[PDB]
Amino acid sequence: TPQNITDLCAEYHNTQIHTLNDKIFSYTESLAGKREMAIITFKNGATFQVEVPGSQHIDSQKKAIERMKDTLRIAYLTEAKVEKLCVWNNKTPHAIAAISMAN
Amino acid sequence: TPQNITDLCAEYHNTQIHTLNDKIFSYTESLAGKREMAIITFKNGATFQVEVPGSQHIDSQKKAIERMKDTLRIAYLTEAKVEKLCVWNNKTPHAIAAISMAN
Amino acid sequence: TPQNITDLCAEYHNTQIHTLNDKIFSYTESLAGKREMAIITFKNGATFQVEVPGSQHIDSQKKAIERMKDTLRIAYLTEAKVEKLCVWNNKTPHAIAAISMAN
Amino acid sequence: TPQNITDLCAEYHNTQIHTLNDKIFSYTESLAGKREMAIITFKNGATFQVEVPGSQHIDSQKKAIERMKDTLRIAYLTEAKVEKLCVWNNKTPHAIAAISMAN
Amino acid sequence: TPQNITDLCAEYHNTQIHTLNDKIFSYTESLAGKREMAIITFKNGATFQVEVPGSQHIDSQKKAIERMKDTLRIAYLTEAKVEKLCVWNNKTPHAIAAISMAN
Ligand SMILES: CC(=O)N[C@@H]1[C@@H](O[C@@H]2O[C@@H](C)[C@@H](O)[C@@H](O)[C@@H]2O)[C@H](O[C@@H]2O[C@H](CO)[C@H](O)[C@H](O)[C@H]2O[C@@H]2O[C@@H](C)[C@@H](O)[C@@H](O)[C@@H]2O)[C@@H](CO)O[C@@H]1O
Ligand SMILES: CC(=O)N[C@@H]1[C@@H](O[C@@H]2O[C@@H](C)[C@@H](O)[C@@H](O)[C@@H]2O)[C@H](O[C@@H]2O[C@H](CO)[C@H](O)[C@H](O)[C@H]2O[C@@H]2O[C@@H](C)[C@@H](O)[C@@H](O)[C@@H]2O)[C@@H](CO)O[C@@H]1O
Ligand SMILES: CC(=O)N[C@@H]1[C@@H](O[C@@H]2O[C@@H](C)[C@@H](O)[C@@H](O)[C@@H]2O)[C@H](O[C@@H]2O[C@H](CO)[C@H](O)[C@H](O)[C@H]2O[C@@H]2O[C@@H](C)[C@@H](O)[C@@H](O)[C@@H]2O)[C@@H](CO)O[C@@H]1O
Ligand SMILES: CC(=O)N[C@@H]1[C@@H](O[C@@H]2O[C@@H](C)[C@@H](O)[C@@H](O)[C@@H]2O)[C@H](O[C@@H]2O[C@H](CO)[C@H](O)[C@H](O)[C@H]2O[C@@H]2O[C@@H](C)[C@@H](O)[C@@H](O)[C@@H]2O)[C@@H](CO)O[C@@H]1O
Ligand SMILES: CC(=O)N[C@@H]1[C@@H](O[C@@H]2O[C@@H](C)[C@@H](O)[C@@H](O)[C@@H]2O)[C@H](O[C@@H]2O[C@H](CO)[C@H](O)[C@H](O)[C@H]2O[C@@H]2O[C@@H](C)[C@@H](O)[C@@H](O)[C@@H]2O)[C@@H](CO)O[C@@H]1O
Ligand SMILES: OC[C@H]1O[C@@H](O)[C@H](O)[C@@H](O)[C@H]1O
Ligand SMILES: OC[C@H]1O[C@@H](O)[C@H](O)[C@@H](O)[C@H]1O
Ligand SMILES: OC[C@H]1O[C@@H](O)[C@H](O)[C@@H](O)[C@H]1O
Ligand SMILES: OC[C@H]1O[C@@H](O)[C@H](O)[C@@H](O)[C@H]1O
Ligand SMILES: OC[C@H]1O[C@@H](O)[C@H](O)[C@@H](O)[C@H]1O
Ligand SMILES: [Ca+2]
Ligand SMILES: [Ca+2]
Ligand SMILES: [Ca+2]
Ligand SMILES: [Ca+2]
Ligand SMILES: [Ca+2]
Ligand SMILES: [Ca+2]
Ligand SMILES: [Ca+2]
Ligand SMILES: [Ca+2]
Ligand SMILES: [Ca+2]
Ligand SMILES: [Ca+2]
């Protein structure tokens, strides 16, 4: 089991770490059918999604997808500094796998 | 996959973007039967619903509807600035499909 | 579809609007069997319940009942001003159907 | 239907009211098997639990037990004043049945 | 039933109490498949996980695992002082069983 986000991220293909060290600039949320997702941006233009749940996701990920959207909303609203995101870079926008906050 | 609320909104018929750049003026919530909904207003009188769940919604939308009501309540209580809403304009009041927050 | 609490409240028998324009004075919560409910008061002694879920409620109301208790707790803890309550006045204490928050 | 915590408490056997009029001093939470519970204390050493869900509970209490743990956590973090607890005094520590928050 | 985290912790094999008396320094969570988990650190380098749910857990632990991650996120965001953690020391990083918060 990994001890940090960087090591975690390295366990998977198709991923990378972004080091933001910044608060979330915007938070977008949709309930529209087939677009039940969240999008965040940072001041530098970096844009990330929490993907629409699909066949790329196993059943054990479903609660964690919902948690992640909860986390991004409250991080946005508290201006919490995001340290890193682990993302899948085979999606556009890049798709969030993990987040770390330290500040 | 869209990267922002404007492009997301354009994927659908009967939708329009409202650009508010303002906090929510009022938040209303009902548990009464057949009116299990939320209503928000802005100071300019713009009025929006989160629809009662119904046969227009697919299963994947049901958690998202609940999330959106959570988001609107906490946005209201934090006086968070709402940037845009994507709404269905074939409902009265207009029905929320997506929200963006930026400030 | 209604656009405000007053019009929503008027769709139901045995209801009334209370105009409070005040924060919640006390919040009570019970997990005791057959009394799984919330009670709120205002400074003037006005007392309201969220009813114990029962056969008077249709299935769609169940989630809305839980939401309303969440809303009352966070409204209490943020000292949010309650504008109006729509209540059923054939219950003692009067039972909450809807809430509006504004200044 | 009762209108306050005192009257509610008096509907049950083996209960008593504690009048605390104080914030929660400590909040403890366990996920250990058969000990999935919360424990609070006050500065005077008064110690209370939210019981592990068990055969003493009816099904309608299950959501309310979860809600109570939610309430205690946020009350602790907001330094909210606890007015009274209704507890079962046939449990060690005394088991929470209901809570009131006020000044 | 135990009355404090130390006594609870002692009911289990392979556990120990860490006394931190400090805020959480970093919070990490993941939605990646098979790593649906959270990791926290303290300034002294102490690193702890909330384990991925698995066959080592009983059903009552499922909700408690989700609660614990909720608690760690809000404790982080409120800078709440963590008093003690009860952890399993047969996992790397040590796995959280219980948390206490106090000053
Ligand atoms: C179009 C937009 O909204 N933003 C782009 C930004 O891309 C977005 O954010 C990235 C992280 C990714 O999720 C994209 O899918 C998304 O549209 C661009 O970022 C570059 O993205 C490419 C992938 O298109 C590579 O990943 C590259 O490393 C990224 O550029 C870096 O990150 C940027 C935020 C800047 O810091 C840039 O200087 C870096 O080179 C950028 C490219 O300028 O343009 C908009 O911001
Ligand atoms: C309670 C009320 O009557 N308020 C009106 C407002 O209507 C309400 O809000 C809109 C957004 C919609 O949901 C209505 O169903 C609801 O009653 C009026 O809004 C205009 O309505 C039309 C047709 O519905 C369009 O939606 C239009 O975009 C709305 O105007 C926009 O919002 C206004 C508040 C202005 O900022 C205007 O420039 C925008 O285009 C408006 C105007 O008639 O007046 C009250 O606010
Ligand atoms: C704890 C207490 O005795 N408070 C009373 C309040 O009664 C409570 O709150 C009302 C809304 C209801 O849920 C009652 O069952 C509950 O005990 C009194 O409110 C009046 O209550 C009588 C019934 O005993 C009638 O329901 C009457 O309509 C209520 O008054 C209206 O609402 C008040 C809060 C004010 O807006 C008043 O001007 C209204 O006419 C009130 C008033 O007697 O006194 C304490 O607050
Ligand atoms: C950790 C500890 O020993 N604290 C005690 C407290 O006991 C704890 O809190 C009470 C409410 C109950 O949940 C206990 O199981 C728990 O250990 C003591 O309270 C008394 O506890 C004894 C058992 O030792 C009896 O249960 C008794 O009823 C409790 O006293 C009542 O509650 C107190 C908080 C006071 O209001 C007292 O007047 C009440 O009768 C107290 C009492 O000495 O001391 C520490 O806080
Ligand atoms: C490597 C790193 O990131 N941190 C180490 C820390 O280990 C981490 O945290 C501990 C609690 C455990 O979860 C590890 O798996 C994890 O990598 C080290 O902590 C000691 O780790 C050993 C066995 O690895 C024991 O768990 C021991 O209790 C730990 O030491 C206690 O906690 C420390 C932070 C110190 O305060 C120490 O005095 C305590 O005994 C420490 C070694 O000090 O170093 C990094 O922080
Ligand atoms: O679990 C989610 C992930 O699934 C992978 O198969 C896919 O390559 C990633 O882009 C991401 O969607
Ligand atoms: O998914 C929800 C949407 O469903 C559409 O069919 C409908 O026209 C919209 O008004 C909205 O209700
Ligand atoms: O939805 C529940 C409501 O149902 C009505 O039939 C009843 O008269 C109200 O008091 C309220 O309980
Ligand atoms: O509903 C919970 C309560 O049920 C009672 O029967 C029991 O005596 C109490 O100690 C408490 O557990
Ligand atoms: O309940 C969770 C615990 O289960 C035990 O059997 C295991 O030894 C611990 O490491 C921990 O996983
Ligand atoms: Ca700021
Ligand atoms: Ca800080
Ligand atoms: Ca203000
Ligand atoms: Ca305000
Ligand atoms: Ca701000
Ligand atoms: Ca105040
Ligand atoms: Ca206060
Ligand atoms: Ca303080
Ligand atoms: Ca404090
Ligand atoms: Ca600080």
Side-chain angles (χ1 to χ4, degrees), chain B residues 14 18 22-57 59 61-80 82 87-96, chain C residues 1-15 17 21 23 37-38 48-88 95-103:
Chain B
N14 307 123
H18 292 259
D22 199 12
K23 65 183 182 66
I24 296 168
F25 185 85
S26 73
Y27 181 87
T28 298
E29 173 167 297
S30 163
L31 62 70
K34 313 298 190 182
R35 296 287 189 220
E36 308 87 350
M37 70 185 298
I39 303 162
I40 59 167
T41 76
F42 293 82
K43 185 190 169 184
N44 66 4
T47 300
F48 304 98
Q49 61 172 311
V50 178
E51 291 183 89
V52 177
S55 69
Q56 66 277 40
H57 295 119
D59 284 349
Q61 295 178 278
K62 299 310 192 36
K63 277 191 192 57
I65 290 164
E66 300 308 298
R67 179 186 296 291
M68 182 63 69
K69 290 175 293 192
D70 296 349
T71 295
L72 298 178
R73 176 179 62 213
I74 195 56
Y76 175 74
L77 290 172
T78 61
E79 300 190 12
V82 177
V87 306
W88 287 283
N89 65 18
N90 69 325
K91 296 289 167 56
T92 299
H94 289 0
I96 298 167
Chain C
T1 301
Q3 297 191 38
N4 61 60
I5 191 168
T6 300
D7 296 347
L8 184 155
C9 201
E11 298 185 281
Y12 296 87
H13 290 116
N14 307 113
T15 62
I17 291 285
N21 289 314
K23 65 185 75 172
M37 70 186 296
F48 303 99
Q49 61 174 309
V50 179
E51 295 183 84
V52 179
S55 69
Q56 70 272 41
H57 299 117
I58 62 173
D59 195 66
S60 56
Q61 293 178 275
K62 291 173 182 166
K63 281 182 301 309
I65 290 162
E66 299 306 297
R67 177 183 295 291
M68 184 62 72
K69 293 175 290 190
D70 294 352
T71 296
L72 296 180
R73 178 179 61 216
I74 192 65
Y76 173 72
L77 294 171
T78 57
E79 302 192 13
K81 183 160 297 175
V82 179
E83 183 206 42
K84 294 158 186 290
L85 294 170
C86 173
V87 305
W88 289 285
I96 297 168
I99 185 168
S100 64
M101 293 184 288
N103 288 278

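Numbers restart at 1 for each chain; the letters A, B, ... are given by sequence-line order, proteins then strands. FYI, side chains are in, hydrogens and waters are out, and symmetry mates aren't considered; it's all heavy atoms of this structure.
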Taking [X] for its side chain and [Y] for its backbone only, find out whether a donor-acceptor pair lies under 3.5 Å.
{"X": "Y12(C)", "Y": "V87(C)", "value": "no"}
{"X": "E66(C)", "Y": "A64(C)", "value": "no"}
{"X": "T47(B)", "Y": "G45(B)", "value": "yes"}
{"X": "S30(B)", "Y": "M37(B)", "value": "no"}

What part of [X] gets closer than 4.5 Å to chain B, counting heavy atoms only: side chain, backbone, both or neither?
{"X": "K63(C)", "value": "side chain"}
{"X": "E83(C)", "value": "neither"}
{"X": "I65(C)", "value": "both"}
{"X": "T1(C)", "value": "both"}
{"X": "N4(C)", "value": "backbone"}
{"X": "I99(C)", "value": "both"}

Here the gap from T6(C) atom OG1 to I17(C) atom CD1, rounded to the nearest 0.5 Å, amounts to 4.0 Å
Show your working on side chain to side chain contact (heavy atoms under 4.5 Å, CB included) between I96(C) and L72(C) and close with a plain yes or no. CA-CA 10 Å; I96(C) 297 168; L72(C) 296 180; 3.8 Å; yes
Where does [X] contact chain C at under 4.5 Å (heavy atoms): side chain, backbone, both or neither?
{"X": "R35(B)", "answer": "both"}
{"X": "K69(B)", "answer": "both"}
{"X": "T92(B)", "answer": "both"}
{"X": "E29(B)", "answer": "both"}

Would you please classify the geometry between the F48(B) ring and the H94(B) ring as parallel, tilted or perpendicular, with 30° and 60° separating the classes? tilted
Do you know which of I58(C), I5(C), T71(C), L8(C) has the most heavy-atom pairs with chain B at a distance under 4.5 angstrom? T71(C)
Contact leader toward chain B among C9(C), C86(C), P2(C), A80(C), where contacts are heavy-atom pairs under 4.5 Å: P2(C)
Going through the checks in order, is the salt bridge (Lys or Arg N to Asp or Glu O under 4.0 Å) test met by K62(C) and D59(C)? CA-CA 6 Å; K62(C) 291 173 182 166; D59(C) 195 66; 2.8 Å; yes
